[PDB]
**Student:** 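Provided herewith is a single structure, encoded as structure tokens, for subsequent inquiry.
Residue numbers begin at 1 in each chain, while the letters A, B, ... track the order of the sequences. In listed order, ligands and their atoms are each counted from 1.
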Amino acid sequence: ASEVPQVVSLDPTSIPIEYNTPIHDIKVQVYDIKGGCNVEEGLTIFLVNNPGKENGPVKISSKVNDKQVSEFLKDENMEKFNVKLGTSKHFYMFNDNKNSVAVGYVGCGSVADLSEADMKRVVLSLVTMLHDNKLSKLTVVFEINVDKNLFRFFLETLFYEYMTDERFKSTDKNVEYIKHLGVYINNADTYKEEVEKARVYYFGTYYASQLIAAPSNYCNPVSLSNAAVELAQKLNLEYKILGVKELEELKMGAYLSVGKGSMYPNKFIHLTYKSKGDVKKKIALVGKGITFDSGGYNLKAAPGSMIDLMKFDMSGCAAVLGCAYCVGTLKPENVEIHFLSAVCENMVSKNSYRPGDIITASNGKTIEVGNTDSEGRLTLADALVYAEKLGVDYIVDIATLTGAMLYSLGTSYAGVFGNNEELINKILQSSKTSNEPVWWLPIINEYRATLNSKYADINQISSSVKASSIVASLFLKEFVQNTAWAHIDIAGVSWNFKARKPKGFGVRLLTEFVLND
Amino acid sequence: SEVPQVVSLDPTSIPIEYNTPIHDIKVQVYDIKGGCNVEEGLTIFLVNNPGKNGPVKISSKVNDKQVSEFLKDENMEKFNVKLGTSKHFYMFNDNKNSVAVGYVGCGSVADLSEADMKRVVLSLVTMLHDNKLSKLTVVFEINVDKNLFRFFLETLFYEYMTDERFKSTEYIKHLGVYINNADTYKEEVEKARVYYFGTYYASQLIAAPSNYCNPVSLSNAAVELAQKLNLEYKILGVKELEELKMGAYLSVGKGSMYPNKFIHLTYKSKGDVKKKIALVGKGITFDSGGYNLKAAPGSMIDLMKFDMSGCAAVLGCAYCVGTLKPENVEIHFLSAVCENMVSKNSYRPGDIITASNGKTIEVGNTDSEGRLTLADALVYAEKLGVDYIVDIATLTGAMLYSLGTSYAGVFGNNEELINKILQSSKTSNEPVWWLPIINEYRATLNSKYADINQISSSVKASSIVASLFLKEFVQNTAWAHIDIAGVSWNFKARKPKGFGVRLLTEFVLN
Amino acid sequence: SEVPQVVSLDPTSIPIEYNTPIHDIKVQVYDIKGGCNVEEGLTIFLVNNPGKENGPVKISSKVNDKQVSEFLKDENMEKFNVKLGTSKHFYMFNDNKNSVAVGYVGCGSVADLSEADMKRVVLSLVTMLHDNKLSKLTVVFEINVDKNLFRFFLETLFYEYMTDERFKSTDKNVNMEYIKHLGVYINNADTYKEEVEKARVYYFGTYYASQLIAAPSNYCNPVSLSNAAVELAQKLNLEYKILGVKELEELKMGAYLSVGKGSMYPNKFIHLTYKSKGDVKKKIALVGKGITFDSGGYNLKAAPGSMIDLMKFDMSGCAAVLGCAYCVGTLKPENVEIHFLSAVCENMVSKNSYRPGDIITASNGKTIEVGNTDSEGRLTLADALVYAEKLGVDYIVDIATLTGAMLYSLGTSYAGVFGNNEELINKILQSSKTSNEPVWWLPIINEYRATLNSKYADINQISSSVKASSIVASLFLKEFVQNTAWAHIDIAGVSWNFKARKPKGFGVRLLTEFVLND
Ligand SMILES: [Zn+2]
Ligand SMILES: [Zn+2]
Ligand SMILES: [Zn+2]
Ligand SMILES: [Zn+2]
Ligand SMILES: [Zn+2]
Ligand SMILES: [Zn+2]
């Protein structure tokens with residue numbers, strides 16, 4: 001751990017991380033539907049659909065072990081409510097023991113097979129009923145048909161949206177969290193091995209979200225690397241933080257040039273998880289770690305640049321650290337995973353690197369900088385050369401690289417590039433089981449000639465092709481010569497603009513990829 | 001039928017070259033095992049070197065001593081095989097006649113990509129534009145399959161041809177080819193000549209400016225082309241697009257001095273019909289952007305004569321299908337042609353219009369007029385009761401930021417049809433990539449007053465949002481959507497590509 | 001106290017002219033009923049013609065010279081009208097065979113001259129003073145003005161007459177000579193006499209603030225500006241206190257210190273105090289925005305229209321507060337205690353600068369999510385308002401060149417005032433009337449408050465949903481005044497005289513009249 005430099009004594013010297021969230025205190029109990037439901041204290045919610053009939057009537061098909069509540073939930077009373085996706089209603093009644101209970105439902109539409117987006121819409125309605133109410137238990141009854149991955153996704157998303165980050169509130173606050181969660185589902189014994197898997201995947205996403213949402217005066221190269229050391233110490237992971245003196249010896253000129261104009265020294269994070277049984281799989285995960293992207297002398301001054309959001313330019317690093325928690329907790333075997341990130345800050349200063357400067361990567365390649373705001377591929381280039389030297393089988397990088405993703409895939413799907421069938425297909429398969437959507441995009445070799453520099457070995461940016469995401473992959477491909485490599489561009493999907501919060505995108509996708517090899 | 005004019009000097013028809021000098025070239029393919037003979041003309045070797053860029057080495061028992069000593073390995077070490085380099089020299093043969101010999105480097109990747117093979121053709125054509133010879137012979141010292149060989153011939157013919165219809169102030173007559181299994185490539189020769197003109201014909205329509213190529217003159221050429229090919233044809237006028245209530249399509253052309261014209265060509269095969277296909281192309285002869293005028297930097301208003309490339313690709317496909325005459329297929333070539341102008345009669349941003357299927361649309365941007373014309377075209381296409389609907393359009397400039405200028409994007413609601421398009425992209429060597437229709441963005445097309453919004457005001461993924469809009473007008477048929485806004489125009493050479501003609505034709509034939 | 005330098009040629013102090021040529025002018029006011037003696041220099045008549053749109057000129061004062069009375073006869077003035085701003089020069093010899101200069105300045109046909117009208121009248125008078133080498137100017141008031149307007153005439157005459165040449169070297173005006181005497185003939189002269197030395201005090205307070213604003217940011221920095229304020233307090237004998245970075249750290253002024261993080265000049269907080277002899281019945285804290293240069297930070301002023309070259313004036317509010325400190329310290333009002341406050345710093349681009357998105361903690365514990373580094377004025381004032389409320393005052397008045405949106409609402413003439421208390425606003429408007437510095441009342445719309453709700457911090461610095469930045473900024477400042485009556489004057493549009501290429505010194509007379517009438 002290094003000392004965080006400060007301009008004034010009021011500058012923060014560490015990122016606040018919440019490890020023991022109220023989600024961790026929720027006792028989760030799952031029961032089988034073929035045994036009846038017991039309407040207890042708190043709120044009991046039914047997940048109901050109606051296949052074929054758009055906005056069809058509500059019909060409860062589960063045995064309720066209460067004569068009074070069964071009379072309330074009869075077909076001749078559900079009738080006036082429909083199953084439109086996202087609709088919710090509250091019921092108040094008295095049970096057989098003359099006790100007042102609260103019951104309700106959330107409509108799951110028709111369609112029968114709900115997408116990840118549709119399930120989020122259902123979960124958001126569920127959270128609205130959990131909000132502004134002081135319940136001690138919530139019970140969810142699954143009268144919709146879901147597989148194991150979608151059931152785990154339901155719990156992960158519910159935990160994540162229910163959780164509220166108040167680390168930076170002072171004068172502001174309000175009300176409490178439920179202490180128990182009940183789940184009724186057919187074949188319940190098969191679904192509940194996913195419960196504690198969902199709790200692990202939740203915190204990894206929330207931990208990544210905590211690091212992303214942390215501003216750049218809190219989350220800087222020094223404090224971000226310190227948090228990775230702190231996380232590795234709790235999970236007993238091997239760790240090494242590379243300082244400038246070691247990065248100078250490794251000749252990481254591309255990575256070092258980006259951080260020249262920062263008051264925080266560059267810090268390269270290298271975490272390692274090793275298995276007990278002999279290792280038959282070696283994987284290196286690389287994340288872009290720019291704690292703040294001012295753009296450099298190519299300053300983000302255009303209206304659409306969204307510079308006030310550029311604290312999220314380390315979303316790739318947070319996704320890898322979130323994976324380090326999930327992998328470090330569940331402990332898969334026969335794998336070595338290397339969690340890497342070249343962390344720095346891209347600022348404007350007398351010491352900053354200039355547009356037009358020619359820099360040398362750690363593999364000997366010289367690069368002519370055409371735009372200082374394209375610093376991601378420069379830091380990733382040195383990180384990929386470092387990653388390949390570790391002798392791994394797969395290299396997967398994740399980065400908020402290009403704003404062009406907002407104009408290609410948008411805010412819902414991330415893009416994956418690569419040089420190999422199966423690493424892309426294994427990543428695409430992991431997107432299916434993790435329910436984090438990713439789309440395969442091409443590396444068009446015709447654009448490679450536009451990176452031909454007149455003086456340096458290669459140009460950092462193209463001079464003609466406006467497809468920045470594809471050109472960046474072509475540039476990064478030049479720094480992986482022999483290893484299977486894939487690249488995930490999450491620049492469009494990392495931040496939830498409507499909810500004004502991070503998504504923690506990549507944690508579950510990367511973890512599922514490690515666990516399925 | 002009659003093109004309106006403002007002044008008497010305004011043109012009233014698109015000029016088209018039907019008989020190009022390429023059609024006069026007799027092509028002959030021989031097997032390389034018998035050796036090469038350089039009697040007359042210019043002979044060019046296509047050379048590679050797995051392990052380069054290193055020197056070229058000619059492998060041929062060329063039966064002329066003067067050129068054979070010149071082509072010796074000791075004399076070709078001073079030239080390299082870098083992708084694109086070329087050197088050609090002229091000298092005397094055994095009969096004391098002047099001949100020219102040279103090479104084109106093909107790199108070290110053994111299998112040339114579509115872009116790599118193109119670059120080889122450009123180097124070969126460069127020497128052809130500085131040539132006054134009567135015969136050219138090409139020797140393939142590289143490995144090419146049957147589809148890439150045809151692609152080589154098409155690109156050679158198309159890049160060699162020069163469009164001089166609008167200029168006011170030569171070609172070889174024989175083409176020789178030496179390659180293994182000349183019998184297998186022989187059948188590919190005349191397919192390339194047909195694929196060439198369909199591409200060149202579409203380029204002629206695209207390159208034709210908007211004062212020459214307008215809704216009336218473009219539909220007149222489609223009829224004239226249909227008569228020479230003998231396809232069924234009907235052109236729908238305004239007075240009866242109004243009867244079909246094509247309000248989205250008719251609103252776009254309101255501000256134009258040219259009446260809207262709907263092109264409908266039909267091909268029917270001799271064998272039994274096992275596939276009914278409708279090909280729809282965006283046909284905006286000029287896109288001013290409407291009252292959302294293309295005034296921002298990057299709008300490229302001077303190139304907006306190319307906004308009918310999808311229609312031109314559909315018309316070019318009608319040539320290839322009408323000439324090669326495939327069977328067991330019935331194809332409808334459709335395009336709703338109009339002009340998007342600024343006028344007192346133009347439609348306004350915010351106007352609510354009604355498509356031919358009853359859906360009300362709130363116009364959010366008049367430059368997004370392409371999806372409005374395609375909406376009514378898809379309702380018309382689905383009413384035909386066809387099995388596949390494939391539309392191709394220069395829809396959104398965001399494609400320049402997604403796939404760029406090389407790869408086109410395809411969206412659709414049917415996995416099987418998408419695979420046919422991707423498989424046809426492989427054999428046609430016109431690259432296309434599959435992009436998703438993410439239903440998550442559909443909610444942003446919810447209009448406060450109309451049935452559906454024309455554009456999304458929040459999601460900046462215009463290519464995906466526009467595909468979501470078109471999907472709302474296809475109820476039951478397998479449908480795919482090819483966006484060629486990024487690939488249609490070749491900005492470096494300042495000329496069209498004719499992109500999509502061979503892609504659609506290969507899809508029909510396979 | 002020591003100004004840091006990059007090179008040895010960087011200035012280490014703001015040059016200030018204390019003894020201006022105006023202070024050497026002997027001013028004497030005479031009664032118009034006794035007649036005017038024209039003798040030497042230039043004699044100017046302020047003439048009107050009610051009802052007649054630019055009607056003929058009529059000199060209506062008894063002149064004690066037969067020759068000059070014959071020249072000023074009605075039959076000789078066919079050709080000059082009273083059009084507002086029109087002026088004419090006359091040459092003649094008086095009864096003593098001495099050459100004299102006489103003229104007039106047209107004051108229109110509206111018996112009551114507005115503040116803008118009187119400024120146009122004074123500007124015409126100064127044009128006759130320039131390019132001429134006179135030793136006395138004499139003004140004859142043939143128009144009706146109250147005691148406030150007569151004083152306003154003198155202040156504007158003094159202010160426009162003076163020429164600031166501190167930064168000329170090879171281009172000083174060689175033909176620049178100031179008059180040494182000023183005679184004024186006015187109806188009921190004894191009632192206006194007391195306004196003369198009040199006008200001279202009001203002149204320098206306005207001119208002192210103009211000197212500080214016109215000084216560029218390489219001369220006027222946080223250190224040299226606070227050093228000048230100390231020098232001013234010592235000349236006036238006021239209590240003074242300059243708070244350094246270490247004291248501001250202990251007061252937890254995180255918003256103020258975050259703005260100046262990227263500067264080579266340390267933050268300097270000005271705290272001057274004037275206390276009364278006798279019992280005090282009003283405690284007032286005057287807060288002025290003191291941004292010596294506003295580059296905008298990482299939200300750099302790069303868009304067209306931002307006028308990054310004029311941002312040396314972003315400390316105009318501080319200058320207006322210090323200019324009032326001179327007026328209060330000189331006229332010495334009592335039954336009042338005044339605090340002159342300013343959180344002075346520089347908003348720069350550096351590796352140490354604060355970033356968009358950073359969350360900072362104010363001195364009252366509230367966390368703020370920064371949305372735009374160019375909105376730094378409201379950040380420094382927030383800590384200054386919390387500091388002011390701890391002083392236990394009755395009124396808190398802040399003055400700041402806060403939002404460029406003021407240009408599109410009120411323009412370049414009227415300043416905008418916001419507040420949480422009605423009587424304070426009414427007192428500000430009353431001071432605006434008597435000081436003749438126009439101010440208009442604008443609302444603090446509480447419906448916009450919801451757009452300042454931050455997802456992580458206690459409050460957002462900016463809205464970025466509501467485009468009414470002048471109102472939104474007042475919502476923000478209101479969050480840091482809990483119980484005291486507070487008003488806020490936005491002078492971003494009125495501080496700089498774009499046409500005249502010089503500051504206005506706006507606020508000095510307005511604040512002093514507010515202090516003098518409570
Ligand atoms: Zn960047
Ligand atoms: Zn970046
Ligand atoms: Zn358009
Ligand atoms: Zn268009
Ligand atoms: Zn500012
Ligand atoms: Zn400012």
**Student:** Under a 4.0 Å N-O cut-off, is there an ion pair linking A:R500 with C:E369?
**Tutor:**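 Answer for the salt bridge query: no.
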**Student:** So, A:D313 and A:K288, do they make that salt bridge, N to O below 4.0 Å?
**Tutor:** yes
**Student:** Return yes when atom CZ of A:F475 has more than 12 non-hydrogen atoms of other residues, nucleotides or ligands closer than 6.0 Å, and no otherwise.
**Tutor:**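 More than 12 within 6.0 Å, yes.
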**Student:** If we ignore angles and hydrogens, is there a donor and acceptor under 3.5 Å between the side chains of A:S468 and A:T402?
**Tutor:**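 No.
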**Student:** To the nearest 0.5 Å, what is the distance between CG on A:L256 and OG1 on A:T360?
**Tutor:** 11.5 Å
**Student:** Is the closest side-chain heavy-atom distance between C:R355 and A:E345 below 4.5 Å?
**Tutor:** yes
**Student:** Which N, O or S atoms belonging to the protein are less than 2.8 Å from the Zn ion (ligand 2)?
**Tutor:** A:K288 NZ, A:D293 OD2, A:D313 OD2, A:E375 OE2
